[PDB]
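Please read the structure below before turning to the comments.
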Amino acid sequence: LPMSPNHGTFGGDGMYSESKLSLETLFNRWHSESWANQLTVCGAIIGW
Amino acid sequence: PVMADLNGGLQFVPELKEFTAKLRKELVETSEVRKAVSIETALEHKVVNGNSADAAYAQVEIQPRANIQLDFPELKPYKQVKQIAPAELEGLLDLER
Amino acid sequence: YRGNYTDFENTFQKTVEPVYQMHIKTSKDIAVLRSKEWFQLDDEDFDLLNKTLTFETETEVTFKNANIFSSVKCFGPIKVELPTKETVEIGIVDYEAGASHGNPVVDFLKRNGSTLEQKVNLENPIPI
Amino acid sequence: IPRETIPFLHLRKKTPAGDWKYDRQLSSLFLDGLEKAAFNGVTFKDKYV
(Lines give C-alpha, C1' and ligand atoms only; values in the text may rest on other atoms or scores of the structure.)
Protein backbone atom coordinates (compact mmCIF):
# COMPACT_ATOMS: atom_id res chain seq x y z
CA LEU A 1 0.00 0.00 0.00
CA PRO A 2 1.45 3.41 -0.89
CA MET A 3 0.93 5.32 2.36
CA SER A 4 1.74 8.87 3.41
CA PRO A 5 3.19 10.25 6.63
CA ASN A 6 1.31 13.58 6.06
CA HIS A 7 -2.44 13.30 6.91
CA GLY A 8 -3.86 16.80 6.20
CA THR A 9 -0.48 18.43 7.06
CA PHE A 10 -0.04 20.34 3.71
CA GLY A 11 -3.76 20.70 2.77
CA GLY A 12 -5.33 21.54 -0.61
CA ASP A 13 -5.05 17.84 -1.69
CA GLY A 14 -8.83 17.09 -1.94
CA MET A 15 -9.42 13.64 -0.38
CA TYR A 16 -5.80 12.37 -0.82
CA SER A 17 -5.23 12.35 2.97
CA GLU A 18 -8.53 10.50 3.88
CA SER A 19 -7.68 8.03 1.00
CA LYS A 20 -4.18 7.26 2.39
CA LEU A 21 -5.24 7.22 6.06
CA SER A 22 -8.18 4.79 5.40
CA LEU A 23 -5.75 2.15 3.92
CA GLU A 24 -4.30 1.86 7.52
CA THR A 25 -7.54 0.02 8.58
CA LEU A 26 -6.21 -2.98 6.49
CA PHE A 27 -3.59 -3.57 9.25
CA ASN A 28 -6.35 -4.56 11.73
CA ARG A 29 -8.73 -6.03 9.12
CA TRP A 30 -6.09 -8.70 8.36
CA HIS A 31 -6.53 -10.13 11.94
CA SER A 32 -10.35 -9.54 12.10
CA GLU A 33 -11.78 -10.73 8.71
CA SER A 34 -11.06 -14.03 6.82
CA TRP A 35 -8.71 -13.08 3.91
CA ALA A 36 -5.45 -13.29 5.91
CA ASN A 37 -4.53 -16.51 3.93
CA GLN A 38 -5.03 -14.90 0.48
CA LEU A 39 -3.53 -11.41 1.14
CA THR A 40 -0.73 -9.93 3.27
CA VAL A 41 -0.37 -6.24 3.93
CA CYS A 42 2.88 -4.32 3.63
CA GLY A 43 2.38 -0.59 4.30
CA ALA A 44 5.15 1.58 2.81
CA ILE A 45 5.11 5.13 4.22
CA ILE A 46 6.71 6.66 1.08
CA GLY A 47 8.82 9.73 1.86
CA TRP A 48 9.80 12.90 0.00
CA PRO B 1 1.13 -7.01 8.71
CA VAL B 2 4.36 -5.03 8.06
CA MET B 3 4.49 -1.21 8.28
CA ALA B 4 7.66 0.21 6.72
CA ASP B 5 8.63 3.89 7.14
CA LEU B 6 10.69 5.04 4.15
CA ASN B 7 10.16 8.67 5.18
CA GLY B 8 13.88 9.53 5.64
CA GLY B 9 13.35 11.10 9.10
CA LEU B 10 11.07 13.82 7.64
CA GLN B 11 8.59 13.00 10.51
CA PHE B 12 11.03 14.57 13.11
CA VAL B 13 10.80 18.04 11.41
CA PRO B 14 8.11 19.98 13.36
CA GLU B 15 5.63 22.19 11.35
CA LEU B 16 6.79 20.75 7.97
CA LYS B 17 4.13 22.93 6.20
CA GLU B 18 5.45 26.18 7.76
CA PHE B 19 9.10 24.97 7.37
CA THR B 20 8.76 24.26 3.58
CA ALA B 21 6.80 27.56 3.03
CA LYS B 22 9.70 29.43 4.74
CA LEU B 23 12.31 27.67 2.48
CA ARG B 24 10.32 28.58 -0.68
CA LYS B 25 9.93 32.25 0.49
CA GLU B 26 13.72 32.45 1.32
CA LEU B 27 14.52 31.26 -2.30
CA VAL B 28 11.85 33.46 -3.99
CA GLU B 29 12.88 36.71 -2.17
CA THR B 30 16.58 35.97 -3.10
CA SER B 31 15.69 35.22 -6.81
CA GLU B 32 13.31 38.29 -7.02
CA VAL B 33 15.85 40.70 -5.44
CA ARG B 34 18.67 39.63 -7.85
CA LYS B 35 16.17 39.87 -10.84
CA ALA B 36 15.24 43.51 -9.86
CA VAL B 37 19.02 44.36 -9.40
CA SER B 38 19.78 42.68 -12.81
CA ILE B 39 16.90 44.64 -14.52
CA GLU B 40 18.24 47.99 -13.09
CA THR B 41 21.92 47.29 -14.14
CA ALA B 42 20.56 46.33 -17.64
CA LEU B 43 18.61 49.68 -17.80
CA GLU B 44 21.57 51.79 -16.45
CA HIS B 45 23.78 50.04 -19.10
CA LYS B 46 21.09 50.75 -21.83
CA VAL B 47 20.90 54.53 -20.91
CA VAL B 48 24.73 55.08 -20.67
CA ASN B 49 25.57 53.07 -23.86
CA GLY B 50 22.27 53.69 -25.79
CA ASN B 51 22.15 50.97 -28.54
CA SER B 52 25.57 51.85 -30.22
CA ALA B 53 27.99 50.07 -27.75
CA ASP B 54 25.21 47.34 -27.40
CA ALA B 55 25.16 46.62 -31.25
CA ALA B 56 28.85 45.33 -31.18
CA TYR B 57 27.71 42.33 -28.96
CA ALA B 58 25.06 40.97 -31.48
CA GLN B 59 26.58 38.44 -33.98
CA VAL B 60 25.26 37.06 -37.36
CA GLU B 61 23.95 33.42 -37.20
CA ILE B 62 24.12 31.01 -40.20
CA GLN B 63 20.85 29.01 -40.63
CA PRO B 64 21.48 25.77 -42.57
CA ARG B 65 19.98 25.17 -46.04
CA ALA B 66 19.17 21.59 -47.14
CA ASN B 67 22.07 20.37 -49.35
CA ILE B 68 20.67 17.06 -50.73
CA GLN B 69 23.58 14.72 -51.62
CA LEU B 70 23.10 11.67 -53.90
CA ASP B 71 24.98 9.48 -51.30
CA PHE B 72 27.38 7.86 -53.85
CA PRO B 73 29.69 5.21 -52.29
CA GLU B 74 32.89 6.49 -50.55
CA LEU B 75 35.86 5.09 -52.52
CA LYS B 76 38.88 4.37 -50.28
CA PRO B 77 42.55 4.86 -51.22
CA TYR B 78 43.85 1.75 -53.12
CA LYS B 79 46.01 0.67 -50.12
CA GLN B 80 42.92 0.43 -47.81
CA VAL B 81 40.86 -1.48 -50.49
CA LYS B 82 43.77 -3.86 -51.29
CA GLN B 83 43.67 -5.05 -47.61
CA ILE B 84 40.05 -6.44 -47.51
CA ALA B 85 40.56 -8.77 -50.55
CA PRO B 86 43.32 -11.45 -50.66
CA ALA B 87 46.34 -10.54 -52.91
CA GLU B 88 45.57 -13.60 -55.16
CA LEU B 89 42.27 -11.99 -56.30
CA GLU B 90 44.06 -9.39 -58.53
CA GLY B 91 43.68 -10.65 -62.14
CA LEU B 92 41.71 -13.82 -61.12
CA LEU B 93 38.08 -12.60 -61.84
CA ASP B 94 36.67 -12.08 -65.38
CA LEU B 95 35.03 -8.67 -64.79
CA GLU B 96 32.61 -9.22 -67.77
CA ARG B 97 31.06 -12.06 -65.64
CA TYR C 1 21.11 81.55 -33.04
CA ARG C 2 20.23 80.23 -36.55
CA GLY C 3 23.09 78.61 -38.51
CA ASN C 4 25.58 75.72 -38.77
CA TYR C 5 27.58 75.44 -35.48
CA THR C 6 30.12 72.58 -34.88
CA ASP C 7 32.01 74.21 -31.87
CA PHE C 8 31.07 71.29 -29.50
CA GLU C 9 34.06 72.27 -27.24
CA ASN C 10 31.97 75.32 -26.07
CA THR C 11 28.56 73.52 -25.68
CA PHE C 12 27.55 72.37 -22.15
CA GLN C 13 24.29 71.82 -20.13
CA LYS C 14 24.63 72.56 -16.33
CA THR C 15 21.06 71.64 -15.16
CA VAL C 16 19.63 71.80 -11.58
CA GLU C 17 17.30 68.77 -11.51
CA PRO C 18 13.86 68.71 -9.83
CA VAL C 19 14.03 67.23 -6.27
CA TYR C 20 13.16 63.49 -6.56
CA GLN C 21 11.72 61.48 -3.63
CA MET C 22 11.78 57.69 -2.87
CA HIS C 23 9.79 55.95 -0.12
CA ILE C 24 12.03 52.85 0.51
CA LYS C 25 9.26 50.31 1.46
CA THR C 26 10.85 46.85 0.70
CA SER C 27 14.34 45.22 1.06
CA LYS C 28 14.35 44.83 -2.78
CA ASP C 29 14.39 48.71 -3.08
CA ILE C 30 17.42 48.80 -0.66
CA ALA C 31 19.30 46.11 -2.72
CA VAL C 32 18.61 48.06 -5.98
CA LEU C 33 19.88 51.36 -4.45
CA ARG C 34 23.05 49.62 -3.03
CA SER C 35 23.69 48.20 -6.58
CA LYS C 36 24.22 51.83 -7.87
CA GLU C 37 27.94 52.81 -7.26
CA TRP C 38 26.83 56.53 -7.35
CA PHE C 39 24.57 56.07 -4.24
CA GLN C 40 27.38 56.80 -1.69
CA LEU C 41 26.05 56.98 1.92
CA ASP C 42 28.39 58.55 4.59
CA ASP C 43 27.50 55.48 6.80
CA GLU C 44 27.44 52.20 4.72
CA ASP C 45 25.23 50.50 7.44
CA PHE C 46 22.44 53.19 7.51
CA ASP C 47 18.91 51.61 7.83
CA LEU C 48 17.03 52.73 4.64
CA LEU C 49 13.83 50.69 5.45
CA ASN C 50 10.60 52.83 5.69
CA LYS C 51 12.66 56.02 5.04
CA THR C 52 11.87 58.85 2.58
CA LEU C 53 15.08 59.76 0.65
CA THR C 54 15.14 63.09 -1.32
CA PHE C 55 17.73 63.65 -4.13
CA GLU C 56 18.85 67.31 -4.69
CA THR C 57 21.03 66.72 -7.82
CA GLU C 58 22.85 68.96 -10.37
CA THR C 59 23.67 67.40 -13.85
CA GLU C 60 26.74 68.89 -15.71
CA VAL C 61 27.01 67.56 -19.33
CA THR C 62 29.71 68.45 -21.95
CA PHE C 63 29.33 67.28 -25.60
CA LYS C 64 31.55 65.57 -28.24
CA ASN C 65 28.92 65.45 -31.08
CA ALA C 66 25.20 66.47 -31.20
CA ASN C 67 23.98 62.95 -30.07
CA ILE C 68 26.53 61.71 -27.39
CA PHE C 69 27.84 63.48 -24.24
CA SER C 70 31.69 63.54 -23.88
CA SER C 71 31.40 63.89 -20.03
CA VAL C 72 28.34 63.40 -17.71
CA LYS C 73 28.41 64.35 -13.99
CA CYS C 74 25.32 64.11 -11.73
CA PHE C 75 26.10 65.02 -8.08
CA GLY C 76 24.47 66.50 -4.94
CA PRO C 77 23.20 65.54 -1.47
CA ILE C 78 20.94 62.56 -0.50
CA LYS C 79 18.64 63.66 2.36
CA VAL C 80 16.46 61.45 4.65
CA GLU C 81 13.24 62.77 6.29
CA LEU C 82 13.56 62.57 10.11
CA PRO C 83 10.46 61.79 12.27
CA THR C 84 10.28 65.66 12.75
CA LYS C 85 9.89 66.26 8.92
CA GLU C 86 13.39 67.98 9.09
CA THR C 87 15.52 66.50 6.21
CA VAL C 88 19.25 65.82 7.10
CA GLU C 89 22.06 64.93 4.57
CA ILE C 90 22.98 61.16 4.87
CA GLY C 91 24.86 60.67 1.57
CA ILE C 92 25.74 62.07 -1.88
CA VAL C 93 25.03 61.23 -5.51
CA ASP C 94 28.56 61.17 -7.11
CA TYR C 95 28.14 59.86 -10.68
CA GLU C 96 30.89 60.73 -13.19
CA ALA C 97 31.07 59.23 -16.71
CA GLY C 98 32.86 59.93 -20.02
CA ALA C 99 31.34 59.17 -23.48
CA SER C 100 27.63 58.39 -22.60
CA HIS C 101 24.18 58.64 -24.38
CA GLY C 102 22.37 59.82 -21.21
CA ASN C 103 22.42 60.28 -17.41
CA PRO C 104 21.26 57.12 -15.61
CA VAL C 105 20.84 58.78 -12.14
CA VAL C 106 17.91 61.06 -13.21
CA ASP C 107 16.43 58.23 -15.41
CA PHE C 108 16.65 55.80 -12.38
CA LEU C 109 15.07 58.50 -10.07
CA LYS C 110 12.26 59.29 -12.65
CA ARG C 111 11.16 55.59 -12.89
CA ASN C 112 11.53 54.72 -9.12
CA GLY C 113 10.83 58.19 -7.55
CA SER C 114 8.41 61.19 -7.56
CA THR C 115 8.83 65.00 -7.85
CA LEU C 116 7.12 66.18 -4.56
CA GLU C 117 4.34 67.70 -6.82
CA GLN C 118 2.22 65.83 -9.45
CA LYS C 119 0.26 67.61 -12.23
CA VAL C 120 -3.22 65.99 -12.17
CA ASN C 121 -5.31 66.79 -15.33
CA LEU C 122 -9.03 67.61 -15.19
CA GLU C 123 -11.36 65.13 -17.04
CA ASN C 124 -12.09 67.91 -19.66
CA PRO C 125 -10.33 71.27 -20.25
CA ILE C 126 -12.68 74.11 -19.09
CA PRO C 127 -12.64 77.07 -21.55
CA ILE C 128 -12.20 80.24 -19.34
CA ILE D 1 22.77 1.25 13.88
CA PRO D 2 23.66 3.66 16.74
CA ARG D 3 21.82 2.82 20.03
CA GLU D 4 18.94 5.33 20.64
CA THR D 5 19.00 6.37 16.89
CA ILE D 6 16.06 5.57 14.51
CA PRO D 7 17.48 4.80 11.01
CA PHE D 8 16.07 6.60 7.92
CA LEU D 9 14.33 3.39 6.69
CA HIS D 10 12.82 1.29 9.53
CA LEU D 11 9.85 -1.06 10.05
CA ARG D 12 7.41 -0.56 12.96
CA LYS D 13 5.75 -2.97 15.42
CA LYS D 14 2.16 -2.48 16.67
CA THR D 15 2.21 -2.02 20.50
CA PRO D 16 -0.44 -3.67 22.76
CA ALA D 17 -1.81 -0.06 23.18
CA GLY D 18 -2.66 -0.30 19.40
CA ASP D 19 -0.04 2.25 18.11
CA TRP D 20 2.84 1.64 15.59
CA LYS D 21 6.29 2.31 17.19
CA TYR D 22 9.81 1.87 15.72
CA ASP D 23 11.20 -1.67 16.34
CA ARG D 24 14.99 -2.27 16.11
CA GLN D 25 14.77 -6.08 15.37
CA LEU D 26 12.36 -5.76 12.37
CA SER D 27 14.29 -2.66 11.12
CA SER D 28 17.49 -4.85 11.30
CA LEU D 29 15.97 -7.69 9.11
CA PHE D 30 14.81 -5.00 6.64
CA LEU D 31 18.21 -3.19 6.47
CA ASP D 32 20.29 -6.47 6.35
CA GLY D 33 18.02 -7.43 3.40
CA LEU D 34 18.74 -4.04 1.74
CA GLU D 35 22.52 -4.43 2.33
CA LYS D 36 22.47 -7.99 0.77
CA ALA D 37 20.43 -6.64 -2.21
CA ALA D 38 22.89 -3.71 -2.55
CA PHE D 39 25.94 -6.13 -2.75
CA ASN D 40 24.67 -9.47 -4.22
CA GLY D 41 21.34 -8.24 -5.67
CA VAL D 42 17.88 -9.77 -5.10
CA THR D 43 15.93 -12.21 -7.36
CA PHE D 44 12.15 -12.05 -8.03
CA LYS D 45 12.16 -15.36 -10.03
CA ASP D 46 8.70 -17.04 -9.79
CA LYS D 47 6.97 -13.89 -8.45
CA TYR D 48 3.79 -12.59 -10.22
CA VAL D 49 3.30 -8.85 -9.59
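For the C-alpha coordinates, the naming scheme is as follows: chains receive sequential letters (A, B, ...) according to their order of presentation, residues are indexed from 1 within each chain, and ligands are indexed from 1 in presentation order.
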Pull the strand (DSSP E or B) assignments for chain A out of DSSP run on the backbone, and list those residues as a PyMOL selection string.
chain A and resi 2-3+42-46
Output the selection as a PDB file, in the first residue's frame - N, CA and C atoms for each residue.
```
ATOM      1  N   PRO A   2       0.682   2.178  -0.896  1.00  0.00           N
ATOM      2  CA  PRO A   2       1.449   3.409  -0.886  1.00  0.00           C
ATOM      3  C   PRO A   2       0.742   4.235   0.176  1.00  0.00           C
ATOM      4  N   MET A   3       1.464   4.555   1.229  1.00  0.00           N
ATOM      5  CA  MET A   3       0.926   5.325   2.359  1.00  0.00           C
ATOM      6  C   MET A   3       1.676   6.629   2.442  1.00  0.00           C
ATOM      7  N   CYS A  42       1.535  -4.884   3.476  1.00  0.00           N
ATOM      8  CA  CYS A  42       2.883  -4.323   3.628  1.00  0.00           C
ATOM      9  C   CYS A  42       2.759  -2.833   3.376  1.00  0.00           C
ATOM     10  N   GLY A  43       2.406  -2.060   4.399  1.00  0.00           N
ATOM     11  CA  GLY A  43       2.375  -0.587   4.300  1.00  0.00           C
ATOM     12  C   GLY A  43       3.764  -0.070   3.983  1.00  0.00           C
ATOM     13  N   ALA A  44       3.875   0.888   3.076  1.00  0.00           N
ATOM     14  CA  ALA A  44       5.154   1.579   2.810  1.00  0.00           C
ATOM     15  C   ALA A  44       4.869   3.065   2.907  1.00  0.00           C
ATOM     16  N   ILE A  45       5.265   3.678   4.020  1.00  0.00           N
ATOM     17  CA  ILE A  45       5.108   5.133   4.219  1.00  0.00           C
ATOM     18  C   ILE A  45       6.173   5.777   3.340  1.00  0.00           C
ATOM     19  N   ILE A  46       5.784   6.167   2.133  1.00  0.00           N
ATOM     20  CA  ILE A  46       6.708   6.656   1.080  1.00  0.00           C
ATOM     21  C   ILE A  46       7.033   8.110   1.392  1.00  0.00           C
TER      22      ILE A  46
END
```
Which residues of chain B have any atom within 7 Å of an atom in chain D when counting only C-alpha atoms, and what is the closest pair of atoms for each, with the distance in Å to one decimal? Order the rows by chain and rising number and write it as JSON lines.
```
{"residue": "B:3", "atom": "CA", "partner": "D:12", "partner_atom": "CA", "distance": 5.6}
{"residue": "B:4", "atom": "CA", "partner": "D:11", "partner_atom": "CA", "distance": 4.2}
{"residue": "B:5", "atom": "CA", "partner": "D:10", "partner_atom": "CA", "distance": 5.5}
{"residue": "B:6", "atom": "CA", "partner": "D:9", "partner_atom": "CA", "distance": 4.7}
{"residue": "B:7", "atom": "CA", "partner": "D:8", "partner_atom": "CA", "distance": 6.8}
{"residue": "B:8", "atom": "CA", "partner": "D:8", "partner_atom": "CA", "distance": 4.3}
{"residue": "B:9", "atom": "CA", "partner": "D:8", "partner_atom": "CA", "distance": 5.4}
```
Please determine the contact residues of chain C with respect to chain B at a cut-off of 9 Å, counting only C-alpha atoms, and supply them as a PyMOL selection string.
chain C and resi 27-29+31-33+35-36+97+99-105+107-108
Only N, CA and C atoms, please: the residues just picked out, written as a short mmCIF file (atom, residue, chain, number, x, y, z; two decimals), in the first residue's frame.
```cif
data_model
loop_
_atom_site.label_atom_id
_atom_site.label_comp_id
_atom_site.auth_asym_id
_atom_site.auth_seq_id
_atom_site.Cartn_x
_atom_site.Cartn_y
_atom_site.Cartn_z
N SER C 27 12.89 45.53 1.01
CA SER C 27 14.34 45.22 1.06
C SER C 27 14.90 45.15 -0.36
N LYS C 28 14.03 44.83 -1.33
CA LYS C 28 14.35 44.83 -2.78
C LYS C 28 14.79 46.24 -3.21
N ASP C 29 14.08 47.28 -2.78
CA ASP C 29 14.39 48.71 -3.08
C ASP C 29 15.78 49.06 -2.53
N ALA C 31 18.30 46.91 -1.97
CA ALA C 31 19.30 46.11 -2.72
C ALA C 31 19.54 46.70 -4.10
N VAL C 32 18.53 47.36 -4.67
CA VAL C 32 18.61 48.06 -5.98
C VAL C 32 19.44 49.32 -5.79
N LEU C 33 19.13 50.12 -4.77
CA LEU C 33 19.88 51.36 -4.45
C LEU C 33 21.36 51.03 -4.21
N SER C 35 23.08 48.68 -5.31
CA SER C 35 23.69 48.20 -6.58
C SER C 35 24.36 49.36 -7.33
N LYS C 36 23.80 50.57 -7.20
CA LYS C 36 24.22 51.83 -7.87
C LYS C 36 25.47 52.39 -7.17
N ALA C 97 30.83 60.05 -15.51
CA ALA C 97 31.07 59.23 -16.71
C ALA C 97 31.82 60.06 -17.75
N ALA C 99 32.24 59.40 -22.33
CA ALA C 99 31.34 59.17 -23.48
C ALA C 99 30.11 58.36 -23.03
N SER C 100 28.94 58.99 -22.98
CA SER C 100 27.63 58.39 -22.60
C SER C 100 26.56 58.85 -23.59
N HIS C 101 25.37 58.24 -23.57
CA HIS C 101 24.18 58.64 -24.38
C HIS C 101 23.05 59.08 -23.45
N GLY C 102 23.38 59.51 -22.24
CA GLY C 102 22.37 59.82 -21.21
C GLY C 102 22.93 59.74 -19.80
N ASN C 103 22.09 60.13 -18.85
CA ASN C 103 22.42 60.28 -17.41
C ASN C 103 21.52 59.31 -16.67
N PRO C 104 22.08 58.19 -16.15
CA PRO C 104 21.26 57.12 -15.61
C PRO C 104 20.62 57.51 -14.27
N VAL C 105 21.29 58.38 -13.50
CA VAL C 105 20.84 58.78 -12.14
C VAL C 105 19.42 59.36 -12.22
N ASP C 107 17.26 59.30 -14.80
CA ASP C 107 16.43 58.23 -15.41
C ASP C 107 15.98 57.24 -14.33
N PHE C 108 16.92 56.68 -13.56
CA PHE C 108 16.65 55.80 -12.38
C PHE C 108 15.69 56.48 -11.39
#
```
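One distance worth recording is that between atom CA of residue C:13 and atom CA of residue C:55, which is 19.1 Å.
Of the listed residues (C:39, C:12, C:124, C:56), C:12 comes nearest to residue C:68; the distances count only C-alpha atoms.
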Please extract the residues of chain C with a backbone DSSP assignment of helix (DSSP H, G or I) and present them as a list in words.
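Helix (DSSP H, G or I) members of chain C, listed: residues 28, 29, 30, 31, 32, 33, 34, 35, 104, 105, 106, 107, 108, 109, 110, 111 and 112 of chain C.
You will find atom CA of residue C:34 at 27.2 Å from atom CA of residue C:118.
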Report, in Å with one decimal, the straight-line distance from atom CA of residue C:90 to atom CA of residue C:43.
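Atom-to-atom, atom CA of residue C:90 and atom CA of residue C:43 are spaced 7.5 Å apart.
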Extract, using only C-alpha atoms, all DNA, RNA and protein residues at most 10 Å from residue C:40, discarding same-chain residues fewer than 6 positions from it, and format them as a VMD selection string.
chain C and resid 33 to 34 77 to 78 90 to 95
Compare A:6, A:1, A:13, A:20 by their minimum atom-to-atom distance to residue A:41, counting only C-alpha atoms, and give me the closest one.
A:1
